[PDB]
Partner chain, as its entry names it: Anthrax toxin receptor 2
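Starting off, we have a lone chain in the form solved without the partner chain, written out as C-alpha cells.
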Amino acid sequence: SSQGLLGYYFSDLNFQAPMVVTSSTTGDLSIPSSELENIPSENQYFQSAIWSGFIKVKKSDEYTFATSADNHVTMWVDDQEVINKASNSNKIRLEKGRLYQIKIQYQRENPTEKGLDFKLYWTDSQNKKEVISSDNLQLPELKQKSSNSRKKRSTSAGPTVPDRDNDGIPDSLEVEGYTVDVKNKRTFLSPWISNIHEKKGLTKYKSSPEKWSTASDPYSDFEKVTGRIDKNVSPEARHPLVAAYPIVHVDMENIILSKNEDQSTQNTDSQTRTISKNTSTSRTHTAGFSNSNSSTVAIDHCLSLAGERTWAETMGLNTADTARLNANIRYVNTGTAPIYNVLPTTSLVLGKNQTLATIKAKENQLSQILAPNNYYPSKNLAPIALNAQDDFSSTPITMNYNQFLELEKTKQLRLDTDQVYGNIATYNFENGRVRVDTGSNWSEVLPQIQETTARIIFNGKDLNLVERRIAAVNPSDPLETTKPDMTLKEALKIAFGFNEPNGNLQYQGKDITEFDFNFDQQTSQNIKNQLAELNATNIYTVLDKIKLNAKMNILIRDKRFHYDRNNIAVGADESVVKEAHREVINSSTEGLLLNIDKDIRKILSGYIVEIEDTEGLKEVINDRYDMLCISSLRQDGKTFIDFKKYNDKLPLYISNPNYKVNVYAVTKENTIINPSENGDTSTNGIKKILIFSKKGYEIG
C-alpha cells in the first residue's frame, strides 16, 4: 500500500538535512537501523523528523493523541496544537467522515540509537488506546491544487520543510541529487552519495524544486520515483527528467480495392474483381520541429493476380467509374504514457494532399487501453477494418478514376494522425489509487511538454523511429533554469537505455559511434557553438559535456542504412549488403539458405536470380519487376531464396558446370514498382547488388 502519513527524517536537529523521506501505512512511524543500508552510519542518527497527512475517522468521538516521545513532540490537528513537548489527556472532538490535517514535529539531540522508534497512538472515549490504524491515515495532498476536502498545504503553524512545488520532495534533495530504494513495503528517498550509491548501480535523480513535474507532464516527480503512478507508464518515464506522454500513429496491414457499385448498374451478381495487397507502414519524421504524428504506407508491388493487367483492367474500371478501398489497421503507441478514452483522429491521404477518408473511433467507447509499446487492438486480437462488417455507418473510402491511377502509380498512402488523446489516469492521494480523471486532459499537457524538453528520435530498435523527450534547460525562461543540466550522454542513457560498461556508451551492444547525429538548424548551430567552446572537434568523445536545451531536435540513426526523406530505412552500402550475405548455410539448384541480419532484411525488396554462360551472357530467371519476392524467413530464422518459385516450379537447369549462378539483392530504394514508361515489365536496368556467385560444380 502507498497510503499513510508522509515522513521526513533528518540527521540534524533543525529540519535541514533530510536523510529519508518515506511513508508509513499506520501510526508506527518507525525506521529501524536495519532499513538504513543506503545511508552512512553517522547519518543514521535522526535528530529531527516531520510527519504530515490527514486523519479520517470512522466514528465520531472525542480522541486523545499521544506518541512514543511526547516530551520531544509538537503535534497539530488542523492548525490546533494537541501536543506540545508534554503528554496530556486533552480530548479533541472528531467527526465521522471529516478529514483533519495532521502535522507532527519531533526533535531530539544526540540520540544514542540509530534510526527512529516512534509511534502515534490515539485513545477513544472508552479508554481504548492503540497505534493509529492504516484505515485512518492518508498522505498529504501533494498536488498543484487542493481537493474539495484535502488542502494542498500543511498548517502554517510550526516547521515547514522547503517544498516549493508541493510534490513532496524537499527542495534540497531535488537540486543536490537523490536516490530511491525499495524495502519490501516502502520506498525510501535519500540524498545521493557517490561512494556508496554509484557502486550499487542506483540511479542518481535530480529534478526541479519549482516544477511539480519537471518534464511538465501530468505525473509528479515524487509520484514517478515512488511508483505512485499509472502502471502503464513506460519504465524510462518513471525518471523525473523523461516526459511521459502518448505518441500514436496508425499501422495499415493490408488493403482491398474494388469497383464501387453505381446506380446505372442493376447487376450485382458479377464475379469478384477486387485487388488485395499487403501493406507495410512506418511512422515517419520529416532535423524537423513538427510535433505531428504521421505514417506512410507502402502497397506491395509483388505479383498477386494472373496476367499483367492494369489495375483498371483487373477491376473493370472505366474512366467514369469510382473505386473503393477497405483496409485493416491498428493504432500504435510508441510514446511513454497510455490512452484511455479518446483515440486520435486520422486523415488518409493520397499524394500530397488528397484526403480520401477521416478515420475516427468512438469516444469513451474504447475496448482496451492503448498502452506504450503496444497496439490497439492488441496483436492477439483481430485488427480494425476501416469498413467493419457489422457497422452500417462506415463511410466508403472512394477514389475517382484519376485518383485510382495515381494510387496504382505511387503505391503509397499517408496517415496523418492528430494529438487528441483524451483524459489522463492520475494518482489520488486521498485513496492511493490511479483512476482516469475527467478533469485532466492530454491537450492541457502536451504543449508544455513540447516547449520545455529536448526531443531525441532514435531508430536503434528495429530501425523504427522512436521519439522521446527529456527535460532540458531553457536559458531564456527563468523557471526552466531551475532544472538540472541535461547532457546528451545522460539523455541517451535515461531515455533510451544506453549503458556504458567499459567507458563506451552503447545501445544493446552497439557503440554510440554506430549511429549518426542529425539536428534541426537552430540545434545544429547551438551544438556547433558548444563544441567550439569545448575546443572539441568530435562530438562522440564529449557527449558528457554537450548540454541539451528545451526545444532542441535530435535525430539518431543506425549508420548501416540509407534513409529516405521520411527517415525510413530504404537501403544500405553495397559492401554492407554483400557482407550481410557472406555466410551461406546451403546452396543447390533449388536456392540459397542464408543467415541474414534482421535489420538488413528490412531494407531488401527482393532478389534476382541469373545464370551466366561461358561467354558472359546472362539468363535472368525471375525477369519481372513484380517477381522479386522469392525469399522467405523460416522458422529457424534462416532465409531461403527460392530459385524454383518463378522457374515454373523447376530447379535451375545448368547446361554446363562452368556456368555461374548469380544472385542479386535489390534494396527498397532501388525497387521498381511499375512497368517502365515503354511498358517493359522486365528487370532490365534495376540497380542490384551481387550477393552470391558460384559455378555449377561449386553448388551441386
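Numbering follows the first chain given and starts at 1.
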Query - Where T286 meets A287 in the shown sequence, the number of deposited residues left unmodelled - result: 10 or more
Query raised in the report: Hey, which bit's got the bigger mean C-alpha B factor in the entry, 43 to 51 or 630 to 638?
Result: 630 to 638
**Report entry** 113 to 121 or 222 to 230, whichever carries the higher mean Cα B-factor
**Finding:** 113 to 121
**Report entry** Top residue by Cα temperature factor, when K483, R468, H301, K91 are compared in the entry
**Finding:** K91
Query raised in the report: Which listed residue, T358, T541, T155, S208, has the largest C-alpha temperature factor in the record?
Result: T155
Query raised in the report: Lowest, middle or highest third: where is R150 by Cα B-factor in its chain?
Result: highest
Query raised in the report: Mind checking which third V661 falls in for C-alpha B-factor across the chain?
Result: middle
Query raised in the report: Would the CA B-factor of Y625 place it in the lowest, middle or highest third of its chain?
Result: middle
Query raised in the report: How does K200 rank on Cα B-factor within its chain, lowest, middle or highest third?
Result: highest
Report task. Compare the C-alpha B factor of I83 with those of the other modelled residues in its chain, then answer lowest, middle or highest third. Result -> highest
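Keep in mind the form deposited with the partner chain bound is missing from the figure; the text below concerns it.
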Query raised in the report: Could you tell me if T64 has a non-hydrogen atom within 4.5 Å of the partner chain in the entry with it bound?
Result: no
Query raised in the report: Taking heavy atoms only, is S682 within 4.5 angstroms of the partner chain in the entry with it bound?
Result: yes
Query - Touches the partner chain in the entry with it bound: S655 (any heavy atom, 4.5 Å) - result: yes
Query - Exercise: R624 in contact with the partner chain in the entry with it bound, heavy atom 4.5 Å - result: yes
Query raised in the report: If contact means any heavy atom within 4.5 Å, which of 212 to 220, 175 to 183, 529 to 537, 614 to 622 contacts the partner chain in the entry with it bound?
Result: 614 to 622
Requested in this report: Name the single residue among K645, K56, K638, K660 that comes within 4.5 Å of the partner chain in the entry with it bound, judging by heavy atoms.
Outcome: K645
Report summary line: From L543, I275, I384, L303: within 4.5 Å of the partner chain in the entry with it bound by heavy atoms is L303
Query raised in the report: in the entry with it bound, which residues of 430 to 469 put a heavy atom within 4.5 Å of the partner chain?
Result: none
